[PDB]
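Q: Chains as they are written, first to last, in the numbering used here: chain E, 219 to 262; chain G, -12 to 38.
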Amino acid sequence: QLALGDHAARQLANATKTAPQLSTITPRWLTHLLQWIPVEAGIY
Amino acid sequence: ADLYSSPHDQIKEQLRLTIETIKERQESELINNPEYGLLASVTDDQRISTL
């Protein structure tokens, strides 16, 4: 070995961590396309 | 509570009715409580009977 290795050197390094990925996410186009109306007391 | 609260708040209505019941119970206790009630507190010297 001539110099310090990558495996040893990484111990001082901070990894970039992503938020967990969810496979089931879909664009959900219908909710975006529909028009939403507020109801005063849950009755229409 | 979330759905049926306009024009009246359900939680507030329930609380008001329950508090009314509690106050009626307090009035009953002030008279008939076995240890601090008026009827228990009266003394034999202060008790009389109808003719």
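Beta carbons are placed, not taken as given, at the ideal position from N, Cα and C, and that holds for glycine.
Which same chain residues, not among the five before or five after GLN253 of chain E, have their C-beta less than 6 Å away from its C-beta?
A: So the list is empty, once near-sequence residues are dropped.
Q: For residue 81 of chain G, I'd like the list of residues in its chain whose CB is within less than 6 Å of its CB, leaving aside the five on either flank, ordered along the chain.
A: With chain G represented from -12 up to 38, any question about residue 81 of chain G goes unanswered, as that position is not in the structure.
Q: Quick check on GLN253 of chain E: does DSSP put it in helix, strand or coil?
A: Note: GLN253 of chain E maps to coil in three-state DSSP.
Q: Shorter than 7 Å from the beta carbon of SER(-7) of chain G to some beta carbon of chain E?
A: It does: the Cβ of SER(-7) of chain G has a partner Cβ on chain E nearer than 7 Å.
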